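Asker:
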Amino acid sequence: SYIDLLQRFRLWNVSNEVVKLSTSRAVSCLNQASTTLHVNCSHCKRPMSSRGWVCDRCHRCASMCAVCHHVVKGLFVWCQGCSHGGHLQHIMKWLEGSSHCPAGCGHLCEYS
Amino acid sequence: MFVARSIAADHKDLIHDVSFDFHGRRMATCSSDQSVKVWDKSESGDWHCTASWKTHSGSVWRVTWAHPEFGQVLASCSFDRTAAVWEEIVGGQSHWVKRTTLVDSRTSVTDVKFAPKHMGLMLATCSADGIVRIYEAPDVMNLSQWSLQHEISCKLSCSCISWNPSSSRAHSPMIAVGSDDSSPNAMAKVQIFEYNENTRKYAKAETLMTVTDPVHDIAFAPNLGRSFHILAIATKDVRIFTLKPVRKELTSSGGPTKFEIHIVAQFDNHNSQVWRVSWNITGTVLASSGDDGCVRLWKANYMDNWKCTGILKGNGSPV
Amino acid sequence: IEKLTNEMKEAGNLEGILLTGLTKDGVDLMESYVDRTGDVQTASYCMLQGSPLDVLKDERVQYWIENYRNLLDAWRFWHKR
Ligand SMILES: [Zn+2]
Ligand SMILES: [Zn+2]
Ligand SMILES: [Zn+2]
Ligand SMILES: [Zn+2]
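Protein chains in written order, with the authors' numbering: chain C, 679 to 790; chain E, 1 to 91, 99 to 326; chain A, 633 to 713.
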């Protein structure tokens with residue numbers, strides 16, 4: 679009931695905080711249903727491991743930010759259109775100033 | 001047209017070597033008490049120390065950075081016959104941790120250098136016995152493991168080495184080695200080794216006959232898309248050489264590429280043993296330091312001739 | 633015209649672009665110019681001006697472009713890159 683009210687008022691942080699600290703098994707497990715993503719390198723088309731950033735067969739840094747050209751360890755934002763992305767804040771700031779894929783593909787990833 | 005300033009950095013002991021990171025925001029300095037310090041530049045432009053520790057049993061000669069793509073990695077060579085690799089881990100106070108030590112040398116490890124980025128994570132060490140060892144880390148996520156890939160004998164006391172920063176698809180990897188032996192006989196002091204893909208072994212390609220005095224420093228210049236290679240040699244007089252590859256006949260591909268050697272500049276304004284030489288980013292300005300306590304900056308001109316452009320003194324007083 | 637083109641190419645003066653044009657001769661002239669002065673910015677910007685596809689396929693042009701991009705990355709001029 680409490681979670682439903684919180685979601686009605688659109689308070690996601692408090693809802694997730696309650697879920698994490700819940701003392702009930704079902705409520706604790708409510709948050710872990712299909713929230714894991716599978717990523718593959720676009721060059722070798724092979725799936726990657728869950729604790730590394732280097733391609734096993736390509737030996738390439740597949741997670742290099744499109745703006746800063748550094749390896750990304752943590753948060754990564756990705757576009758479904760042009761399959762490009764990078765650091766969360768870098769991409770956000772770049773898209774605040776223009777409307778082109780910073781990798782230079784031509785796709786207007788956020789049309790207009 | 002060069003002016004000097006003093007940076008408010010406090011050191012208690014004599015500084016042996018200073019080195020920059022790739023972006024020019026991080027500095028590493030080795031002192032006389034087997035101590036290593038790291039300095040960071042703030043947004044305001046001020047420098048602050050961030051770490052310090054003692055490393056080896058003997059004296060510490062050289063410390064160098066690695067490319068940022070592999071993280072924050074430092075390599076330090078010591079007189080106690082060791083070469084250590086350090087990586088920074090932060091949890099935020101910086102906490103530098105040694106990851107591996109190379110001990111294969113039988114004499115004092117005189118110099119250590121990193122390979123260019125496009126060849127992976129390779130490292131080279133020249134020792135006093137005349138041995139150059141090239142190691143590689145097969146896995147970039149596990150720096151604790153290294154394998155000795157190549158070993159070269161020079162028959163003379165190695166003193167300094169330098170990689171070729173060229174990244175073109177037509178230039179095989181090149182490494183140049185100097186010597187500081189003061190034998191009375193007139194023997195060559197600079198040799199160049201070019202990797203061979205057909206044999207997967209390094210072989211001597213060209214030896215500088217005109218150089219016979221002891222050599223303290225040698226430095227390639229950044230390629231920047233030119234058609235030839237520029238080399239700087241530090242001796243009793245600063246010397247500059249240009250090496251141009253010859254057109255390889257398509258009839259048969261054999262051993263090392265033949266080269267044409269021409270000297271383009273020879274300066275003797277230091278009137279002493281020149282000690283250090285370095286290039287800027289674009290390979291257009293040369294900085295030289297010798298025993299006269301002066302730093303000299305050389306540059307080309309409209310007529311493509313080399314002439315001095317700056318003279319300074321160690322105290323910072325302009326000349 | 634042949635003699636003037638040759639003497640311009642060997643010297644690397646940029647005024648000869650009018651003679652050679654954006655062809656292999658232009659590439660050689662630009663290479664001589666870069667060797668003389670070490671400027672890759674102008675070469676990279678010039679060679680992209682409607683050059684024929686074969687010209688853009690040359691190794692030297694792409695090497696110049698890559699070196700310029702690396703130089704931009706060195707100064708942290710990320711947006712301009
Ligand atoms: Zn891959
Ligand atoms: Zn980024
Ligand atoms: Zn895109
Ligand atoms: Zn897109």
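Heads up, the beta-carbon is just placed ideally off N, CA and C, and yes, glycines get one too.
So does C783 (chain C) have its beta carbon nearer than 6 angstroms to some heavy atom of ligand 3?
Answerer: Yes - ligand 3 has a heavy atom lying nearer than 6 angstroms to the Cβ of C783 (chain C).
Asker: Which residue marks the beginning of the beta strand (DSSP E) containing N694 (chain C), and which one marks its end?
Answerer: Here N694 (chain C) belongs to no beta strand (DSSP E); instead the alpha helix (DSSP H) covers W690 to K698.
Asker: What's the C-alpha gap between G58 (chain E) and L150 (chain E)?
Answerer: Going from the Cα of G58 (chain E) to the Cα of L150 (chain E) covers about 24 angstroms.
Asker: Can you check DSSP and say which residues form a bridge with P325 (chain E)?
Answerer: Answer is E:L319, bridged to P325 (chain E).
Asker: Does the beta-carbon of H762 (chain C), which I'm using as the reference point, lie nearer than 6 angstroms to any heavy atom of ligand 3?
Answerer: Yes - ligand 3 has a heavy atom lying nearer than 6 angstroms to the Cβ of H762 (chain C).
Asker: Within a Cβ cutoff of 6 angstroms, which residues of the same chain sit near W39 (chain E), ignoring the five residues on either side of it in sequence?
Answerer: Here the set comprises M27, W47 and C49.
Asker: Relative to the C-alpha of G759 (chain C), which candidate in C:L708, C:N694, C:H778 and C:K698 has its C-alpha closest?
Answerer: When each option's Cα is compared against that of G759 (chain C), the closest is C:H778.
Asker: What residues come near ligand 1, if near means a beta carbon less than 7 angstroms from any of its heavy atoms?
Answerer: Selection output, chain order preserved: C:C719, C:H721, C:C722, C:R724, C:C733, C:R735, C:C736, C:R738 and C:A740.
Asker: Taking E691 (chain A) as the reference, give the member of E:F248, E:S174 and E:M181 with the closest Cα.
Answerer: Of the listed residues, the one whose Cα sits closest to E691 (chain A) is E:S174.
Asker: Mind checking if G730 (chain C) is an interface residue toward chain E, Cβ cutoff 7 angstroms exclusive?
Answerer: Closer than 7 angstroms to some Cβ of chain E, the Cβ of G730 (chain C) qualifies, so yes.
Asker: For the putative contact between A228 (chain E) and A239 (chain E), defined by C-beta atoms under 8 angstroms, what is the C-beta separation to the nearest angstrom?
Answerer: So it is a contact: roughly 7 angstroms between Cβ atoms.
Asker: Between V672 (chain A) and chain E, is there a C-beta pair that is closer than 7 angstroms?
Answerer: Answer yes: the Cβ-Cβ gap between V672 (chain A) and chain E drops below 7 angstroms somewhere.
Asker: Can you find at least 3 beta carbon pairs, one from the stretch 216-234 of chain E and one from the stretch 642-652 of chain A, that sit closer than 8 angstroms?
Answerer: They do not touch, by the three-pair rule.
Asker: What are the boundary residues of the beta strand (DSSP E) that includes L304 (chain E)?
Answerer: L304 (chain E) -> beta strand (DSSP E) spans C301 to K306.
Asker: Is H765 (chain C) a contact residue of ligand 6, with contact defined as CB to any heavy atom under 6 angstroms?
Answerer: Looking at this structure, you won't find ligand 6 anywhere; what it does contain is ligand 1, ligand 2, ligand 3 and ligand 4.
Asker: Ends of the beta strand (DSSP E) at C30 (chain E)?
Answerer: Per DSSP, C30 (chain E) belongs to the beta strand (DSSP E) from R26 to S31.
Asker: Between which residues of its own chain and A66 (chain E) is the CB-CB distance below 6 angstroms, once the five residues before and five after are set aside?
Answerer: Same-chain partners within the cutoff: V73 and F121.
Asker: Taking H768 (chain C) and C783 (chain C) to be in contact with their CB atoms under 8 angstroms, please state how far apart those CB atoms are, rounded to whole angstroms.
Answerer: About 17 angstroms separates the two Cβ atoms, so there is no contact after all.
Asker: Give the single residue among C:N709, C:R686, C:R688 and C:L689 whose Cα lies nearest to the Cα of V697 (chain C).
Answerer: Of C:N709, C:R686, C:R688 and C:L689, the residue nearest in Cα terms is C:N709.
Asker: Compute the beta-carbon to beta-carbon distance between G317 (chain E) and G670 (chain A), rounded to the nearest angstrom, for a pair I have assumed lies under 8 angstroms.
Answerer: That belief does not hold up - the Cβ atoms of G317 (chain E) and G670 (chain A) are roughly 18 angstroms apart, past 8 angstroms.
Asker: DSSP beta-bridge partners for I89 (chain E)?
Answerer: Paired residues: E:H102.
Asker: Quickly, what does DSSP pair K251 (chain E) with across the bridge? List them, please.
Answerer: Per DSSP, E:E267.
Asker: Tell me the DSSP bridge mates of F274 (chain E)?
Answerer: E:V245.
Asker: According to DSSP, which residues form a beta bridge with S19 (chain E)?
Answerer: E:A28.
Asker: How close, in whole Å, do the beta carbons of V60 (chain E) and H102 (chain E) come, if the pair is a contact with beta carbons under 8 angstroms?
Answerer: Their Cβ separation, rounded to whole angstroms, is 20 angstroms, which puts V60 (chain E) and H102 (chain E) out of contact at 8 angstroms.
Asker: Do the CB positions of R62 (chain E) and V119 (chain E) come within less than 7 angstroms of each other?
Answerer: Taking 7 angstroms as the Cβ cut-off, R62 (chain E) and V119 (chain E) qualify as a contacting pair.
Asker: Any heavy atom of ligand 3 closer than 6 angstroms to the beta-carbon of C746 (chain C)?
Answerer: Because no heavy atom of ligand 3 lies under 6 angstroms away, the Cβ of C746 (chain C) does not count as near it: no.
Asker: Provide the residue(s) that pair with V139 (chain E) in DSSP beta bridges, ordered along the chain.
Answerer: Answer by DSSP bridge pairing, in chain order: E:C133 and E:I159.
Asker: Out of curiosity, what's the CA-to-CA distance linking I225 (chain E) and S169 (chain E)?
Answerer: For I225 (chain E) and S169 (chain E), the distance between alpha carbons rounds to 7 angstroms.
Asker: Could you compute how far the alpha carbon of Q156 (chain E) sits from the alpha carbon of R140 (chain E)?
Answerer: Distance between the alpha carbons of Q156 (chain E) and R140 (chain E) is about 8 angstroms.
Asker: Along chain E, which residues have their Cβ under 8 angstroms away from the Cβ of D667 (chain A)?
Answerer: Result: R233, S234 and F235.
Asker: Between E:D244, E:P221 and E:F22, which has its C-alpha nearest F70 (chain E)'s C-alpha?
Answerer: Comparing Cα positions, the closest option is E:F22.
Asker: With DSSP run on the structure shown, which of helix, strand or coil describes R701 (chain A)?
Answerer: Here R701 (chain A) sits in helix by DSSP.
Asker: With distance defined between alpha-carbon atoms, name the residue in E:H56, E:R25 and E:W53 nearest to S44 (chain E).
Answerer: The candidate whose alpha carbon is nearest that of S44 (chain E) is E:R25.
Asker: From this set, C:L715, C:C707, C:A781 and C:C787, which residue's C-alpha is nearest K712 (chain A)'s C-alpha?
Answerer: When each option's Cα is compared against that of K712 (chain A), the closest is C:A781.
Asker: So is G658 (chain A) buried or exposed if we call it buried at 16+ other beta carbons inside 10 Å?
Answerer: Label assigned to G658 (chain A): buried.
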